[PDB]
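Here's the structure, in structure tokens; my notes come after.
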Amino acid sequence: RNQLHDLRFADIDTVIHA
Amino acid sequence: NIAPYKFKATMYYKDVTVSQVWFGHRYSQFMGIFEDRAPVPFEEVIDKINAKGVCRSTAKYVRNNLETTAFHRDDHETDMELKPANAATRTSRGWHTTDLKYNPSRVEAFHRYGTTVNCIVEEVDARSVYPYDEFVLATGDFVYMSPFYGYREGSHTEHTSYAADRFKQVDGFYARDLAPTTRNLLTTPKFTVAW
Amino acid sequence: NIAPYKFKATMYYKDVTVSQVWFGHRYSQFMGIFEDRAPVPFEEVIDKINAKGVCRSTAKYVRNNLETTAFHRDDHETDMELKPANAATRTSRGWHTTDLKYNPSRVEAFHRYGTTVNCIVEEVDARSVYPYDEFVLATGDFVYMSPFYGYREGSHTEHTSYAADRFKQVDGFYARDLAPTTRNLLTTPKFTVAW
Numbered sequence: 001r002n003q004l005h006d007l008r009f010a011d012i013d014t015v016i017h018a
Numbered sequence: 001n002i003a004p005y006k007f008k009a010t011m012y013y014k015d016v017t018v019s020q021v022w023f024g025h026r027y028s029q030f031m032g033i034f035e036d037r038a039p040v041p042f043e044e045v046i047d048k049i050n051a052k053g054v055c056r057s058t059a060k061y062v063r064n065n066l067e068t069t070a071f072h073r074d075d076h077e078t079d080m081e082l083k084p085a086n087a088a089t090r091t092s093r094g095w096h097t098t099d100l101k102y103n104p105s106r107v108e109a110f111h112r113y114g115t116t117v118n119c120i121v122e123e124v125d126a127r128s129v130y131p132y133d134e135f136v137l138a139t140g141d142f143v144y145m146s147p148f149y150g151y152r153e154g155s156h157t158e159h160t161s162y163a164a165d166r167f168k169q170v171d172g173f174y175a176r177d178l179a180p181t182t183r184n185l186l187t188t189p190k191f192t193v194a195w
Numbered sequence: 001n002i003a004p005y006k007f008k009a010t011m012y013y014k015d016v017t018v019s020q021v022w023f024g025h026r027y028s029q030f031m032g033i034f035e036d037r038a039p040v041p042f043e044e045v046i047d048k049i050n051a052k053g054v055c056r057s058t059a060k061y062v063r064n065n066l067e068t069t070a071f072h073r074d075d076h077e078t079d080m081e082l083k084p085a086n087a088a089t090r091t092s093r094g095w096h097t098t099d100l101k102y103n104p105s106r107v108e109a110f111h112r113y114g115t116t117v118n119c120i121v122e123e124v125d126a127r128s129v130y131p132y133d134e135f136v137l138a139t140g141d142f143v144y145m146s147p148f149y150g151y152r153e154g155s156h157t158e159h160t161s162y163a164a165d166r167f168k169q170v171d172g173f174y175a176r177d178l179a180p181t182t183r184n185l186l187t188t189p190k191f192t193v194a195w
């Protein structure tokens, strides 16, 4: 459950840059 | 009876994440990331999450004896709508307000700090064993308070390790799904649990 | 059958470590250390580690939605030869490129940041249980992908939680020890596993 936090509550592939 | 006492509980916390980024001539690098689970106050859990299903875009809490205040994207306070989390096999229901982590804009040869506050609420299965003076959560976090602690019918005699102001009991609480019930609330140093 | 499905797997990751050091009048102190496990891309695992037994001296990966690039000792990219790790009782084979951690030179009343990138490759024993939709590694890291996932003979129907671009299958892969075999590759957010 703890390791699923990133995959459950966050985007893993989206990249933001400027 | 060897089976621990199992009961349903709901966790409330904000994933405060402030990262330091170094912008080079042709690359970007993380000079440091600080992740912290900020608890949600009773006022927000009742008047904002349960009453309207929204979380404040700021995290105000005490950490290392300091009243720290984190702002999402360094913007002013705003009500963020809670949405379901990404699907996961064999996992309880969970909701969050933010998905993309925020970082500062790119400025040459300069360090910048970008704060991210993502309100998170989850339904976890709590477990307890004799003498039932404390219970754990599905996330592995320990709660040093008896599950039956309260102000009614002698429940005040149960074990408790947190201060009096860190616990709150609400009668006639109507749970809002993102009949009356007696809801208990405890603000731990890293999260807020309601059962 | 209660015994979990056991199979051999190889992990690939770089221990990105950037530390902040404060140089006083007569002492040095660590104002902050940020440790992160950067995964190794398929191109480096195939064309550099497996093909030549070397790792790039830089770690390019995505972290908190940002394309971070870490350079070992802040130097230009260079091919680092992999060497065996220090002996340890009851441990599988492992190799690394760097041993000494790097810190900035001493300059008075100034903060400095020193990055360290140590490519690490290890052979870990993977375990899985029914329905075999995911497996764990000897390091305790979970991999949310069926061990039998693949593009051949209906293997695409297996469970998978990562994007399509995060998985790669190579046929006729000749493993280089630092006959043909079908090698699977997955780039997790913190490491790259090959089995």
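Each protein sequence line maps, in turn, to chains S, E and W. Going by this note's numbering, the first residue of the first sequence is number 1, and it counts up by one from there. Going by this note's numbering, the first residue of the second sequence is number 1, and it counts up by one from there. Going by this note's numbering, the first residue of the third sequence is number 1, and it counts up by one from there. Even for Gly, the Cβ is constructed at its ideal location relative to N, Cα and C.
Nearest neighbour of W:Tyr144, chosen from W:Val129, W:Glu153 and W:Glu108 [CA to CA]: The shortest Cα separation from W:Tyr144 among W:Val129, W:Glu153 and W:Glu108 belongs to W:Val129.
Can you give me, in chain order, the residues of the segment 172-195 of chain W that have a beta carbon less than 8 angstroms from any beta carbon in chain S? Going along the segment 172-195 of chain W in chain order, one finds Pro189 with a Cβ nearer than 8 angstroms to chain S.
Please say whether E:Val121 and E:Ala70 have beta carbons closer to each other than 8 angstroms? no
If E:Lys190 and E:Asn118 are in contact, beta carbons under 8 angstroms, what's the gap, nearest whole angstrom? Incorrect: roughly 15 angstroms between the Cβ atoms, too far for contact.
Under 7 angstroms Cβ-Cβ, which residues of chain E neighbour S:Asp11? Under a criterion of Cβ atoms nearer than 7 angstroms, the residues of chain E adjacent to S:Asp11 are, in order, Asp99 and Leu100.
At a Cβ threshold of 8 angstroms, is E:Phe30 touching chain W? yes
State yes or no: is the C-beta of E:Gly114 within less than 8 angstroms of the C-beta of E:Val21? yes
Nearest chain S C-beta to W:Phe135 closer than 8 angstroms, yes or no? No, because no Cβ of chain S sits closer than 8 angstroms to the Cβ of W:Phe135.
Going along the segment 114-134 of chain E in order, which residues come within less than 8 angstroms of chain S, judged by CB to CB distance? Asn118 and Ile120
Return the CA-CA distance between E:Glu81 and W:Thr192, expressed in angstroms with no decimal places. 35 angstroms
Between the segment 76-92 of chain E and chain S, which residues of the former have CB atoms less than 8 angstroms from a CB of the latter, in chain order? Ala85, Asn86, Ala88 and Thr91
Since W:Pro4 contacts W:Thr187 with CB under 8 angstroms, what's their CB separation in whole angstroms? Not really, about 24 angstroms apart at Cβ, beyond 8 angstroms.
What are the boundary residues of the alpha helix (DSSP H) that includes S:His5? Per DSSP, the unbroken alpha helix (DSSP H) holding S:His5 starts and ends at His5 to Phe9.
Is it a yes or a no for the segment 27-45 of chain E touching the segment 58-65 of chain E, going by three-plus beta-carbon pairs under 8 angstroms? yes
Select from the segment 12-27 of chain E all residues with a C-beta closer than 9 angstroms to any C-beta belonging to chain W, and list them in chain order. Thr17, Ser19, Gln20, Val21, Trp22, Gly24, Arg26 and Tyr27
Return the residue from the list E:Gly94, E:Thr181, E:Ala175 and E:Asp125 that minimises the CA-CA distance to S:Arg8. If we check each option's Cα against that of S:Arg8, E:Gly94 comes out closest.
So for W:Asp171, helix, strand or coil by DSSP? strand
For W:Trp22, the first and last residue of its enclosing beta strand (DSSP E): Its beta strand (DSSP E) spans residues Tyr5 to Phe23.
Per DSSP, what kind of secondary structure is E:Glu108 in: helix, strand or coil? coil
What does W:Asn103 reach in chain E if we use C-beta pairs closer than 8 angstroms? Neighbourhood of W:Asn103 in chain E, by CB distance below 8 angstroms: empty, with the nearest CB roughly 14 angstroms away.
Answer yes or no: do E:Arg112 and E:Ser28 have a C-beta to C-beta separation smaller than 8 angstroms? no
Who are the near neighbours of E:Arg183 in its chain, counting only those whose CB is closer than 7 angstroms to its CB and skipping five residues on each side? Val170, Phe173 and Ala194
Could you pull out every residue in the same chain whose Cβ sits closer than 6 angstroms to the Cβ of E:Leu185, ignoring the five residues on either side in sequence? Only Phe42, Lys168 and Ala194 meet the Cβ criterion.
S:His5 versus chain W: which residues are under 9 angstroms apart at the beta carbon? Under the 9 angstroms cutoff, chain W gives no residues; its nearest Cβ is about 11 angstroms from S:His5.
Of all the CB atoms in chain E, is at least one closer than 8 angstroms to the CB of W:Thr68? yes
List the whole-angstrom C-beta distance separating W:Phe34 from E:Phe30, where the pair is believed to meet the contact cut-off of C-beta under 8 angstroms. 7 angstroms
Alpha-carbon spacing of E:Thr10 relative to E:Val45, whole angstroms: Between E:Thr10 and E:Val45, the C-alpha separation is close to 11 angstroms.
Buried or exposed for E:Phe142, going by 16 or more other Cβ atoms inside 10 Å? When all chains shown are included, E:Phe142 counts as exposed.
Step through the CB atoms of chain E and report whether any lies within less than 8 angstroms of the CB of W:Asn50. no
Inter-residue spacing [alpha-carbon to alpha-carbon] between W:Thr116 and W:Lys8: 29 angstroms
Which residue marks the beginning of the beta strand (DSSP E) containing E:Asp36, and which one marks its end? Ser28 to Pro39
Would you mind sorting W:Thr98 into buried or exposed? The rule is 16 or more other CB atoms within 10 Å of its CB. buried
Just the chain E side, please: which residues come within less than 8 angstroms of W:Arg63 by C-beta, in chain order? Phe30 and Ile33
Among W:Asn86, W:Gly140, W:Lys48 and W:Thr89, which one has its Cα closest to the Cα of W:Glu77? W:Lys48
In the segment 76-155 of chain W, which residue ranges form an unbroken beta strand (DSSP E) of at least 3 residues, counting only runs that do not cross its ends? 79-81, 94-96, 110-116 and 119-128
Considering only C-alpha positions, which residue in the set E:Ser92, E:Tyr102 and E:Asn1 is nearest to E:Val124? Nearest C-alpha to E:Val124: E:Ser92.
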